[PDB]
Each structure stands twice: as C-alpha cells, then as structure tokens.
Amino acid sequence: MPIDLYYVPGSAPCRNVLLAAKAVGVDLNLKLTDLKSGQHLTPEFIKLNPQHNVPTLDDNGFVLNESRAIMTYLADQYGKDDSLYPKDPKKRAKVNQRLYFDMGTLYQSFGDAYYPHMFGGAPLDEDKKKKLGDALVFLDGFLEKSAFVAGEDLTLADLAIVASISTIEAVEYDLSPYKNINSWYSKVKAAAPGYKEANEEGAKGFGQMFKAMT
C-alpha cells in the first residue's frame, strides 16, 4: 500500500516530512488530519498514535511520529543514494546535529514566542522573541562557514530548517539582519525538489492563519 502521512499543511513538523519525501522521491498518500476539529483525537487516531499528533507516518503498518525521525527513515529506507543523509559517520553526525538544533533551538524558540500568542491570546513576549533572535544568530553563523547548514551539500537538515525559517517568515518576523540565512533560503527554495508544493504554500497558509487569529 502507499505510505500514509497524517498531516496538516500549515504545520512545520508536517512540512519537514513533505519536503523530505519530495527530496527522497517518495510518494505519500496524504491524509489531512485537521486539528481544529479534533481529527487527531478520534479513537482510531489515538489507537494509531497514542501521542495524538501530526505528522504520523504509517508505512504499511510501521508507524512513526517525530518529523525528524520520519525524514531520516524515508531517506535510509527509500533513498537512491545517500547525498541527502550521508552514510559517512562524520557527515551524518553533522546532519543529525543540525536536526537537533532545529527542534531544540530554532523551532522551539519560535514556538515558545509565537504559539501562546497565536493560540492562547497571550501578548507577544519580547524576551521570547529575543531568544528566537539568538537562534537565528547561530544559524546565520553556521551558514557563514558552509554552503548549507550541515556542510557543502543540501541535506535533510536544510529541509527541516527551511520549514522552520519559512514559518518564522510567515509570522512577519524580521529576517533582514541575517544575510547568510537569506542567501541560503533563496538557494534552498530553488534546490529542494517540490519546494513550492511541499512547503511554500503551507507556510503561506500558516501566515494567513496567524494573521486571522491575532
């Protein structure tokens, strides 16, 4: 059977996976799982994934959540060669490093600053914004030294980080200080297969939803 992906388009973690699947060359059967209306909280979804979250991959009964685990699973299980996620232990470690940066530092700080404001009606906190800036400073630093985030080729880590950066852009955060981010971002938009469909449109939709909600 085709591999199912339970997802919503505006979700950056979901876009991580959409991008990885396009880059690897995997067709997914997309199962829209609307969170507003609780589709992740049905009895059948809970049974599939006790954490009741998207993305959830179901590859013919093999089920994963965690976007970044899903990305590397697709790449190793279905990739034609290892360019997007090298077998070499050192190059692979660099990609993993930046995937953890993306989760724990970049995307975490974005969510910390923006989700309570968007979903909880909380004031946008300047201290929290600052910490998202600090994360952007680091990423700009990475990209000063290398063409892509984990080295000289586009890898899974650029795909996750672009999903996060496009989301940060979509809430109208000012990316103008980060010249290396900006140059890289243009490069990834052109290089990442299926960029516009897998990421750009969902990110733009997130931005619309942010405006509406705030």
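Counting begins at 1, following the sequence as shown.
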* Asked: Averaged over C-alpha atoms, is the B-factor higher for 90 to 98 or for 116 to 124 in this PDB entry?
  -> 116 to 124
* Of 186 to 194 and 15 to 23, which one has the bigger average CA B-factor? -> 186 to 194
* Asked: Considering only 59, 34, 169, 158, which residue's Cα atom bears the greatest B-factor as recorded?
  -> 34
* Of the residues 42, 53, 164, 67, the one carrying the largest Cα B-factor as recorded -> 42
* If you rank the chain by CA B-factor, which third does residue 111 end up in: lowest, middle or highest? -> lowest
* To do: Sort the modelled residues of this chain by their C-alpha B factor and say whether residue 149 lands in the lowest, middle or highest third.
  => lowest
* Structure fact -> On the chain's distribution of Cα B-factors, residue 79 falls within the third called highest
